[PDB]
file coords-v3.cif (mmCIF, C-alpha atoms and all ligand atoms)
data_input
#
loop_
_atom_site.label_atom_id
_atom_site.label_comp_id
_atom_site.auth_asym_id
_atom_site.auth_seq_id
_atom_site.Cartn_x
_atom_site.Cartn_y
_atom_site.Cartn_z
CA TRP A 1 141.74 68.37 98.30
CA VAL A 2 144.88 66.89 96.59
CA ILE A 3 146.64 63.60 95.74
CA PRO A 4 149.47 63.75 98.37
CA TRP B 1 160.62 80.47 106.91
CA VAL B 2 158.56 82.98 104.82
CA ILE B 3 157.01 86.48 104.89
CA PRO B 4 153.31 85.48 105.37
CA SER C 7 155.95 91.97 110.94
CA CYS C 8 156.04 88.22 111.92
CA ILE C 9 157.91 85.52 109.94
CA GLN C 10 156.15 82.18 109.44
CA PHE C 11 157.44 78.58 109.44
CA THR C 12 155.51 76.87 106.58
CA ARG C 13 155.75 73.29 107.94
CA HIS C 14 154.93 74.16 111.61
CA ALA C 15 151.17 73.28 111.57
CA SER C 16 151.86 69.92 109.81
CA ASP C 17 154.71 69.14 112.32
CA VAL C 18 152.35 69.92 115.25
CA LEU C 19 149.66 67.62 113.79
CA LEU C 20 152.23 64.80 113.20
CA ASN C 21 153.24 64.99 116.89
CA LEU C 22 149.57 65.05 118.02
CA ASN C 23 149.06 61.86 116.00
CA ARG C 24 152.21 60.31 117.64
CA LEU C 25 150.72 61.16 121.09
CA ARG C 26 147.45 59.44 120.01
CA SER C 27 149.33 56.27 118.79
CA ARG C 28 151.22 56.09 122.15
CA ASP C 29 147.99 56.88 124.11
CA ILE C 30 149.71 59.88 125.77
CA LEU C 31 147.45 62.55 127.35
CA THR C 32 144.31 61.15 125.66
CA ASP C 33 141.37 62.30 127.82
CA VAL C 34 138.31 60.71 126.17
CA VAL C 35 137.07 57.40 124.76
CA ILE C 36 134.57 57.63 121.87
CA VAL C 37 132.30 54.58 121.82
CA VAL C 38 130.86 53.60 118.43
CA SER C 39 128.75 50.44 118.91
CA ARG C 40 131.23 47.66 120.01
CA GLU C 41 134.36 49.73 119.28
CA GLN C 42 136.32 52.28 121.37
CA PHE C 43 138.58 55.07 120.13
CA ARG C 44 140.86 57.07 122.43
CA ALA C 45 141.49 60.69 121.45
CA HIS C 46 142.33 64.19 122.68
CA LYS C 47 139.21 66.36 123.28
CA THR C 48 141.07 69.47 121.94
CA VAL C 49 141.78 67.78 118.57
CA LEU C 50 138.18 66.42 118.30
CA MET C 51 136.78 69.95 118.93
CA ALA C 52 139.22 71.52 116.46
CA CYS C 53 137.99 69.15 113.69
CA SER C 54 134.30 68.60 114.33
CA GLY C 55 131.30 70.87 114.90
CA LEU C 56 129.65 68.05 116.90
CA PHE C 57 132.62 67.59 119.32
CA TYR C 58 133.08 71.38 119.52
CA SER C 59 129.43 71.61 120.76
CA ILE C 60 129.79 68.56 123.12
CA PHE C 61 133.04 69.61 124.81
CA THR C 62 132.00 73.33 125.27
CA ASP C 63 128.98 72.06 127.22
CA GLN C 64 129.48 72.77 130.97
CA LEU C 65 128.55 69.06 131.87
CA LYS C 66 129.73 67.03 128.84
CA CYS C 67 133.18 68.77 128.90
CA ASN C 68 134.04 66.61 131.99
CA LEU C 69 132.98 63.21 130.58
CA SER C 70 135.68 60.58 129.98
CA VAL C 71 133.35 58.51 127.72
CA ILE C 72 131.15 59.74 124.81
CA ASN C 73 128.71 57.35 123.12
CA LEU C 74 127.84 58.10 119.51
CA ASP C 75 124.47 57.41 117.82
CA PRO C 76 124.06 53.60 117.18
CA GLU C 77 123.62 54.31 113.43
CA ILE C 78 127.27 55.50 113.24
CA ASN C 79 129.57 53.03 111.53
CA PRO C 80 132.85 52.29 113.48
CA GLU C 81 134.97 52.05 110.28
CA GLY C 82 133.58 55.40 109.03
CA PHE C 83 134.45 56.91 112.43
CA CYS C 84 137.94 55.33 112.36
CA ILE C 85 138.62 56.83 108.86
CA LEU C 86 137.45 60.29 110.06
CA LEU C 87 139.46 60.12 113.30
CA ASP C 88 142.57 59.25 111.22
CA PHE C 89 141.73 62.24 108.95
CA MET C 90 141.49 64.55 112.00
CA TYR C 91 145.00 63.61 113.08
CA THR C 92 146.69 63.43 109.63
CA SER C 93 144.80 65.54 106.98
CA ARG C 94 144.57 62.24 104.98
CA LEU C 95 141.20 60.72 104.10
CA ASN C 96 141.03 57.03 103.12
CA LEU C 97 138.01 57.47 100.78
CA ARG C 98 137.04 54.27 98.90
CA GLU C 99 134.03 53.04 96.87
CA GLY C 100 133.29 50.56 99.68
CA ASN C 101 133.34 53.13 102.48
CA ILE C 102 132.21 56.47 100.90
CA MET C 103 128.54 56.27 102.02
CA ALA C 104 129.57 55.47 105.65
CA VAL C 105 132.28 58.19 105.61
CA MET C 106 129.83 60.83 104.27
CA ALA C 107 127.09 59.89 106.81
CA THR C 108 129.66 59.98 109.67
CA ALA C 109 131.09 63.34 108.45
CA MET C 110 127.54 64.81 108.33
CA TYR C 111 126.90 63.63 111.92
CA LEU C 112 130.32 64.89 113.10
CA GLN C 113 129.73 68.19 111.20
CA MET C 114 132.98 67.99 109.16
CA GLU C 115 131.87 70.15 106.21
CA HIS C 116 135.03 69.80 104.02
CA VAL C 117 134.80 65.97 104.18
CA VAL C 118 131.03 66.13 103.40
CA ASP C 119 131.89 68.34 100.35
CA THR C 120 134.23 66.06 98.80
CA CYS C 121 132.18 62.90 99.48
CA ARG C 122 129.30 64.71 97.66
CA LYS C 123 131.60 65.54 94.68
CA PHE C 124 132.99 61.95 94.47
CA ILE C 125 129.43 60.49 94.56
CA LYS C 126 128.17 62.98 91.89
CA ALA C 127 131.07 61.90 89.57
CA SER C 128 130.05 58.17 89.79
CA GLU C 129 126.34 58.79 88.87
CA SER D 7 145.34 55.82 98.10
CA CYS D 8 144.28 58.63 100.55
CA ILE D 9 143.27 62.17 99.46
CA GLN D 10 144.59 65.08 101.53
CA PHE D 11 143.00 68.39 102.60
CA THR D 12 145.84 70.97 102.25
CA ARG D 13 144.49 73.48 104.82
CA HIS D 14 143.52 70.88 107.51
CA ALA D 15 146.67 71.17 109.73
CA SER D 16 146.49 75.01 109.69
CA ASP D 17 142.70 74.89 110.51
CA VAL D 18 143.41 72.51 113.44
CA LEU D 19 146.14 74.84 114.77
CA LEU D 20 143.83 77.92 114.42
CA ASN D 21 141.18 76.15 116.54
CA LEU D 22 143.81 75.07 119.13
CA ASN D 23 144.81 78.74 119.41
CA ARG D 24 141.09 79.73 119.80
CA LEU D 25 140.80 77.16 122.66
CA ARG D 26 143.92 78.74 124.28
CA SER D 27 142.47 82.32 123.97
CA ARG D 28 139.18 81.15 125.60
CA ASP D 29 141.11 79.10 128.24
CA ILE D 30 139.22 75.94 127.19
CA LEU D 31 140.76 72.56 128.19
CA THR D 32 144.11 74.16 129.15
CA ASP D 33 145.74 71.75 131.63
CA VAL D 34 148.97 73.51 132.65
CA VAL D 35 150.29 76.90 133.79
CA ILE D 36 153.89 77.72 132.78
CA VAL D 37 155.46 80.10 135.29
CA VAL D 38 158.23 82.37 133.97
CA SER D 39 159.39 84.61 136.84
CA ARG D 40 156.35 86.85 137.75
CA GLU D 41 154.28 85.80 134.72
CA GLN D 42 151.91 82.86 134.09
CA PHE D 43 150.94 81.31 130.75
CA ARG D 44 148.11 78.79 130.39
CA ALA D 45 148.53 76.17 127.65
CA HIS D 46 147.67 72.66 126.49
CA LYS D 47 150.36 70.07 127.42
CA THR D 48 149.82 68.24 124.07
CA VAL D 49 150.63 71.41 122.04
CA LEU D 50 153.68 72.23 124.25
CA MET D 51 155.06 68.68 123.72
CA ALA D 52 154.36 68.80 119.98
CA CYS D 53 156.45 72.01 119.66
CA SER D 54 159.25 71.70 122.19
CA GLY D 55 161.87 69.05 123.00
CA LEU D 56 161.94 70.35 126.61
CA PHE D 57 158.14 69.99 127.15
CA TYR D 58 158.14 66.66 125.28
CA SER D 59 160.72 65.39 127.87
CA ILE D 60 158.85 66.98 130.86
CA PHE D 61 155.37 65.69 130.03
CA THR D 62 156.53 62.10 129.11
CA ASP D 63 158.02 61.88 132.61
CA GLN D 64 155.86 59.56 134.78
CA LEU D 65 155.73 62.24 137.65
CA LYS D 66 155.92 65.60 135.81
CA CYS D 67 153.14 64.51 133.35
CA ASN D 68 150.60 65.05 136.22
CA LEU D 69 151.76 68.53 137.31
CA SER D 70 149.36 71.46 136.79
CA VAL D 71 152.20 74.03 137.26
CA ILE D 72 155.69 74.04 135.61
CA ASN D 73 158.29 76.60 136.69
CA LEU D 74 160.91 77.54 134.12
CA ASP D 75 164.55 78.49 134.84
CA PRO D 76 164.71 82.06 136.37
CA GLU D 77 167.01 83.15 133.49
CA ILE D 78 164.11 82.68 131.01
CA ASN D 79 162.64 85.95 129.80
CA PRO D 80 158.76 86.12 129.99
CA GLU D 81 158.46 88.11 126.72
CA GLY D 82 160.71 85.61 124.89
CA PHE D 83 158.50 82.79 126.25
CA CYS D 84 155.31 84.67 125.24
CA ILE D 85 156.64 85.11 121.64
CA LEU D 86 157.52 81.37 121.45
CA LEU D 87 154.18 80.26 122.93
CA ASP D 88 152.40 82.41 120.30
CA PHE D 89 154.62 80.77 117.63
CA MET D 90 153.65 77.28 118.89
CA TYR D 91 149.97 78.05 118.42
CA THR D 92 150.17 80.07 115.15
CA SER D 93 153.38 79.23 113.13
CA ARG D 94 154.10 83.02 113.33
CA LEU D 95 157.24 84.32 115.05
CA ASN D 96 157.38 87.97 116.15
CA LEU D 97 161.19 88.29 115.70
CA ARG D 98 162.52 91.84 116.31
CA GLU D 99 165.94 93.47 116.86
CA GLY D 100 164.87 94.20 120.46
CA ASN D 101 163.81 90.65 121.28
CA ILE D 102 166.00 88.34 119.09
CA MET D 103 168.59 87.49 121.79
CA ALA D 104 165.83 86.61 124.33
CA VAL D 105 163.87 84.61 121.70
CA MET D 106 166.98 82.62 120.67
CA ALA D 107 167.99 81.88 124.32
CA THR D 108 164.38 80.79 125.11
CA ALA D 109 164.20 78.63 121.93
CA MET D 110 167.51 76.93 122.88
CA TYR D 111 166.16 76.18 126.39
CA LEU D 112 162.80 74.97 124.99
CA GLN D 113 164.67 72.93 122.32
CA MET D 114 162.83 74.50 119.33
CA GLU D 115 165.52 73.86 116.68
CA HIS D 116 163.81 75.62 113.70
CA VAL D 117 163.43 78.85 115.74
CA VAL D 118 167.08 78.58 116.93
CA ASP D 119 168.12 78.21 113.23
CA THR D 120 166.56 81.24 112.03
CA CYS D 121 167.57 83.40 115.02
CA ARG D 122 171.18 82.30 114.24
CA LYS D 123 170.77 83.29 110.53
CA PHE D 124 169.19 86.70 111.40
CA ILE D 125 172.02 87.46 113.89
CA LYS D 126 174.75 86.38 111.37
CA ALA D 127 173.23 88.81 108.76
CA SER D 128 173.50 91.81 111.18
CA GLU D 129 177.24 91.22 112.03
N1 LIG A 201 137.76 77.80 121.12
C1 LIG A 201 137.63 77.04 120.29
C2 LIG A 201 137.43 76.12 119.26
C3 LIG A 201 137.77 74.73 119.21
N2 LIG A 201 137.24 74.14 118.10
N3 LIG A 201 136.58 75.16 117.45
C4 LIG A 201 135.78 75.06 116.31
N4 LIG A 201 135.59 73.78 115.86
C5 LIG A 201 134.80 73.47 114.73
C6 LIG A 201 133.44 73.93 114.70
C7 LIG A 201 132.65 73.67 113.57
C8 LIG A 201 133.24 72.94 112.53
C9 LIG A 201 134.61 72.48 112.57
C10 LIG A 201 135.41 72.75 113.66
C11 LIG A 201 134.92 71.72 111.32
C12 LIG A 201 133.60 71.85 110.54
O1 LIG A 201 133.32 71.48 109.43
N5 LIG A 201 132.66 72.55 111.33
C13 LIG A 201 135.19 76.27 115.83
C14 LIG A 201 135.41 77.45 116.59
CL1 LIG A 201 134.73 78.91 116.03
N6 LIG A 201 136.11 77.56 117.70
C15 LIG A 201 136.70 76.41 118.13
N1 LIG A 202 154.18 60.93 121.14
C1 LIG A 202 154.60 61.97 120.96
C2 LIG A 202 155.15 63.23 120.73
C3 LIG A 202 154.70 64.51 121.19
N2 LIG A 202 155.62 65.48 120.91
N3 LIG A 202 156.64 64.81 120.28
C4 LIG A 202 157.87 65.33 119.87
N4 LIG A 202 158.08 66.64 120.24
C5 LIG A 202 159.28 67.33 119.94
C6 LIG A 202 160.52 66.76 120.36
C7 LIG A 202 161.72 67.42 120.05
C8 LIG A 202 161.62 68.63 119.34
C9 LIG A 202 160.36 69.18 118.92
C10 LIG A 202 159.17 68.54 119.20
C11 LIG A 202 160.61 70.48 118.21
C12 LIG A 202 162.14 70.56 118.22
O1 LIG A 202 162.87 71.37 117.72
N5 LIG A 202 162.66 69.46 118.93
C13 LIG A 202 158.78 64.43 119.24
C14 LIG A 202 158.38 63.07 119.12
CL1 LIG A 202 159.42 61.97 118.36
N6 LIG A 202 157.24 62.54 119.54
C15 LIG A 202 156.37 63.42 120.12
CL CL A 203 136.43 68.70 107.63
CL CL A 204 160.70 75.06 116.19
#
call {"tool": "encode", "arguments": {"input": "coords-v3.cif", "output": "structure tokens", "more": "lines below"}}
Ligand SMILES: N#Cc1cnn2c(Nc3ccc4c(c3)CC(=O)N4)cc(Cl)nc12
Ligand SMILES: N#Cc1cnn2c(Nc3ccc4c(c3)CC(=O)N4)cc(Cl)nc12
Ligand SMILES: [Cl-]
Ligand SMILES: [Cl-]
result
Amino acid sequence: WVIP
Amino acid sequence: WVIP
Amino acid sequence: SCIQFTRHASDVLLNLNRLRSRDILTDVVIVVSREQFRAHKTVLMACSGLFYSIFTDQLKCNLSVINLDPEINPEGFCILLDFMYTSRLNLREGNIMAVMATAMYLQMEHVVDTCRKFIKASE
Amino acid sequence: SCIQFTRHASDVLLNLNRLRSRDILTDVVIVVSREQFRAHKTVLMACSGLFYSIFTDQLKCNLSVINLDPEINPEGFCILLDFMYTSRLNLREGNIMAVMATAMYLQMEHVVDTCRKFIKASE
């Protein structure tokens, strides 16, 4: 999971 | 395009 | 010896979400209490262990309407359906419990994982 | 304020290709001379300007069989259909002209681009  |  | 186009899978998913927004080739309505959500069975199966089981069933595969358990929260379902079609999860303090419960029911393991990690960090 | 799962779009595409291999929820047969290819209309539209035009048409959207131009090469179509479902393009010296001609007909601009670049490098 990432900060887009 | 890339070499996978 | 294949070559691979890095952005292809994301471009496909973007166009599947455009089809959903325009209600093109949607073949099922998911009923969550008083709310209805139109979707493509193939995308639902590709994202969820529950829908994969439902739509591989020789009788349920032909249903145009699927009713979810009355304990399922419509907003939590809406957030997860948006995630299915975009890879983006609108996870907030106010919705995390509903999102995690819905992801457990839908059998969306990666969403469950992260909800668990975000909850553990706040305790 | 969304979070994003990096591998989600690729995981969706992998499961759409699994559905295609098992012939689950395929809703169209593409006829290319003597050969037939089963696919999902939603994936075809998401990958190709030609199929996007065909399946948004108020009459053609309901067809179970689509016949392509007799000049289209079945192997070239097979390679492009595999690309649609995997992001991987089996581009070879022996098939590049057929792949490029098929990609131009199918209106798959990124494939056309690369075929053009690979041909320019060999001349
Ligand atoms: N054919 C086919 C096909 C279509 N969909 N699909 C799967 N869909 C799925 C099944 C379980 C889970 C998820 C997705 C996300 C998750 O957390 N669990 C799996 C397979 Cl092995 N195959 C297929
Ligand atoms: N709704 C919808 C929807 C479904 N599919 N789709 C598009 N599919 C497409 C159209 C043109 C081209 C390609 C894909 C690859 C290419 O080279 N050209 C576009 C839009 Cl703007 N929208 C949609
Ligand atoms: Cl997931
Ligand atoms: Cl393309």
call {"tool": "residues_near_ligand", "arguments": {"input": "coords-v3.cif", "ligand": "ligand LIG 201 (chain A)", "cutoff": "9 Å", "atoms": "only C-alpha atoms and all ligand atoms", "output": "PyMOL selection string"}}
result
(chain C and resi 48-59+61-62+109-110+112-118) or (chain D and resi 17-18+20-30)
call {"tool": "closest_residue", "arguments": {"input": "coords-v3.cif", "among": "C:67, C:9, C:15, C:125", "to": "residue 90 in chain D", "atoms": "only C-alpha atoms"}}
result
C:15
call {"tool": "atom_distance", "arguments": {"input": "coords-v3.cif", "atom1": "CA of residue 7 in chain C", "atom2": "CA of residue 78 in chain D"}}
result
23.6 Å
call {"tool": "atom_distance", "arguments": {"input": "coords-v3.cif", "atom1": "CA of residue 3 in chain B", "atom2": "CA of residue 19 in chain D"}}
result
18.7 Å
call {"tool": "closest_residue", "arguments": {"input": "coords-v3.cif", "among": "C:72, C:37, C:126, C:13", "to": "chain B", "atoms": "all atoms listed in the file"}}
result
C:13
call {"tool": "closest_atom_pairs", "arguments": {"input": "coords-v3.cif", "of": "chain D", "to": "chain A", "cutoff": "8 Å", "atoms": "only C-alpha atoms", "output": "JSON lines"}}
result
{"residue": "D:8", "atom": "CA", "partner": "A:3", "partner_atom": "CA", "distance": 7.3}
{"residue": "D:9", "atom": "CA", "partner": "A:3", "partner_atom": "CA", "distance": 5.2}
{"residue": "D:10", "atom": "CA", "partner": "A:2", "partner_atom": "CA", "distance": 5.3}
{"residue": "D:11", "atom": "CA", "partner": "A:1", "partner_atom": "CA", "distance": 4.5}
{"residue": "D:12", "atom": "CA", "partner": "A:1", "partner_atom": "CA", "distance": 6.3}
call {"tool": "axis_aligned_box", "arguments": {"input": "coords-v3.cif", "around": "chain B", "padding_each_side": "8 Å", "output": "JSON"}}
result
{"center_x": 157.0, "center_y": 83.5, "center_z": 105.9, "size_x": 23.3, "size_y": 22.0, "size_z": 18.1}
call {"tool": "calpha_fit_and_write", "arguments": {"input": "coords-v3.cif", "fixed": "chain D", "moving": "chain C", "output": "short mmCIF file (atom, residue, chain, number, x, y, z; two decimals) with C-alpha atoms, in the coordinates of the input"}}
result
data_model
loop_
_atom_site.label_atom_id
_atom_site.label_comp_id
_atom_site.auth_asym_id
_atom_site.auth_seq_id
_atom_site.Cartn_x
_atom_site.Cartn_y
_atom_site.Cartn_z
CA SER C 7 145.34 55.82 98.10
CA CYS C 8 144.28 58.63 100.55
CA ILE C 9 143.28 62.17 99.46
CA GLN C 10 144.59 65.08 101.53
CA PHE C 11 143.00 68.39 102.60
CA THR C 12 145.84 70.97 102.25
CA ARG C 13 144.49 73.48 104.82
CA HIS C 14 143.52 70.88 107.51
CA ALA C 15 146.67 71.17 109.73
CA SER C 16 146.49 75.02 109.69
CA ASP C 17 142.70 74.89 110.51
CA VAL C 18 143.41 72.51 113.44
CA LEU C 19 146.14 74.85 114.77
CA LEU C 20 143.83 77.92 114.42
CA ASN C 21 141.19 76.15 116.54
CA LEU C 22 143.81 75.07 119.13
CA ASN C 23 144.81 78.74 119.41
CA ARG C 24 141.09 79.73 119.81
CA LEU C 25 140.80 77.16 122.66
CA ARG C 26 143.92 78.74 124.28
CA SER C 27 142.47 82.33 123.96
CA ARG C 28 139.18 81.15 125.59
CA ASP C 29 141.12 79.10 128.23
CA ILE C 30 139.22 75.93 127.20
CA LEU C 31 140.76 72.56 128.20
CA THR C 32 144.10 74.16 129.15
CA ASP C 33 145.74 71.75 131.62
CA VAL C 34 148.97 73.51 132.66
CA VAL C 35 150.29 76.89 133.79
CA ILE C 36 153.89 77.72 132.78
CA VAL C 37 155.47 80.10 135.29
CA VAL C 38 158.23 82.37 133.97
CA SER C 39 159.40 84.61 136.85
CA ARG C 40 156.35 86.84 137.76
CA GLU C 41 154.28 85.80 134.72
CA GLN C 42 151.91 82.85 134.09
CA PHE C 43 150.94 81.31 130.76
CA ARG C 44 148.11 78.78 130.39
CA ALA C 45 148.53 76.18 127.65
CA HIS C 46 147.67 72.66 126.49
CA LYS C 47 150.36 70.07 127.43
CA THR C 48 149.82 68.24 124.07
CA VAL C 49 150.63 71.40 122.04
CA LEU C 50 153.68 72.23 124.25
CA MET C 51 155.05 68.68 123.72
CA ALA C 52 154.36 68.80 119.98
CA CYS C 53 156.46 72.01 119.66
CA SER C 54 159.26 71.70 122.19
CA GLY C 55 161.87 69.05 123.00
CA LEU C 56 161.94 70.34 126.61
CA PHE C 57 158.14 69.99 127.15
CA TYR C 58 158.15 66.66 125.28
CA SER C 59 160.72 65.39 127.87
CA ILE C 60 158.86 66.98 130.86
CA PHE C 61 155.37 65.69 130.02
CA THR C 62 156.53 62.10 129.11
CA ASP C 63 158.02 61.88 132.61
CA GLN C 64 155.85 59.56 134.79
CA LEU C 65 155.72 62.24 137.65
CA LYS C 66 155.91 65.60 135.81
CA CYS C 67 153.14 64.51 133.35
CA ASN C 68 150.60 65.05 136.22
CA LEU C 69 151.75 68.53 137.31
CA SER C 70 149.37 71.47 136.80
CA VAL C 71 152.20 74.03 137.25
CA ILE C 72 155.69 74.04 135.61
CA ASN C 73 158.30 76.60 136.69
CA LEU C 74 160.91 77.54 134.11
CA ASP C 75 164.55 78.49 134.84
CA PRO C 76 164.71 82.05 136.37
CA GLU C 77 167.01 83.15 133.50
CA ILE C 78 164.11 82.69 131.01
CA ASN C 79 162.63 85.95 129.80
CA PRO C 80 158.75 86.11 129.99
CA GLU C 81 158.45 88.12 126.72
CA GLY C 82 160.71 85.60 124.89
CA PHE C 83 158.50 82.80 126.25
CA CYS C 84 155.31 84.67 125.24
CA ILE C 85 156.63 85.11 121.63
CA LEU C 86 157.52 81.37 121.45
CA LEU C 87 154.18 80.26 122.93
CA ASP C 88 152.39 82.41 120.30
CA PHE C 89 154.62 80.77 117.63
CA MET C 90 153.65 77.28 118.89
CA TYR C 91 149.97 78.06 118.42
CA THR C 92 150.17 80.07 115.14
CA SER C 93 153.37 79.23 113.12
CA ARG C 94 154.11 83.02 113.33
CA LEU C 95 157.24 84.31 115.04
CA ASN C 96 157.38 87.97 116.15
CA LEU C 97 161.18 88.29 115.70
CA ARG C 98 162.51 91.84 116.31
CA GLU C 99 165.94 93.47 116.86
CA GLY C 100 164.87 94.20 120.46
CA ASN C 101 163.81 90.65 121.28
CA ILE C 102 166.00 88.33 119.09
CA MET C 103 168.59 87.49 121.80
CA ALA C 104 165.83 86.61 124.34
CA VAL C 105 163.87 84.62 121.70
CA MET C 106 166.99 82.63 120.66
CA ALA C 107 167.99 81.88 124.31
CA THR C 108 164.39 80.79 125.11
CA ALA C 109 164.19 78.63 121.93
CA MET C 110 167.51 76.93 122.88
CA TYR C 111 166.16 76.18 126.38
CA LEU C 112 162.80 74.98 124.99
CA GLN C 113 164.67 72.92 122.32
CA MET C 114 162.84 74.50 119.33
CA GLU C 115 165.52 73.86 116.69
CA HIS C 116 163.81 75.62 113.70
CA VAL C 117 163.43 78.85 115.74
CA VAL C 118 167.08 78.58 116.93
CA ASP C 119 168.12 78.21 113.23
CA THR C 120 166.55 81.24 112.03
CA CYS C 121 167.57 83.40 115.02
CA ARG C 122 171.18 82.30 114.24
CA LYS C 123 170.76 83.29 110.53
CA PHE C 124 169.19 86.70 111.40
CA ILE C 125 172.02 87.46 113.89
CA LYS C 126 174.74 86.38 111.37
CA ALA C 127 173.23 88.81 108.76
CA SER C 128 173.51 91.82 111.18
CA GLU C 129 177.24 91.22 112.03
#
call {"tool": "closest_residue", "arguments": {"input": "coords-v3.cif", "among": "D:16, D:127, D:42, D:108", "to": "residue 75 in chain D", "atoms": "only C-alpha atoms"}}
result
D:108
call {"tool": "residues_around", "arguments": {"input": "coords-v3.cif", "residues": "residue 44 in chain C", "least_positions_apart": "3", "cutoff": "7 Å", "atoms": "only C-alpha atoms", "output": "ChimeraX atom specification"}}
result
/C:32,34-36
call {"tool": "atom_distance", "arguments": {"input": "coords-v3.cif", "atom1": "CA of residue 40 in chain D", "atom2": "CA of residue 68 in chain D"}}
result
22.6 Å
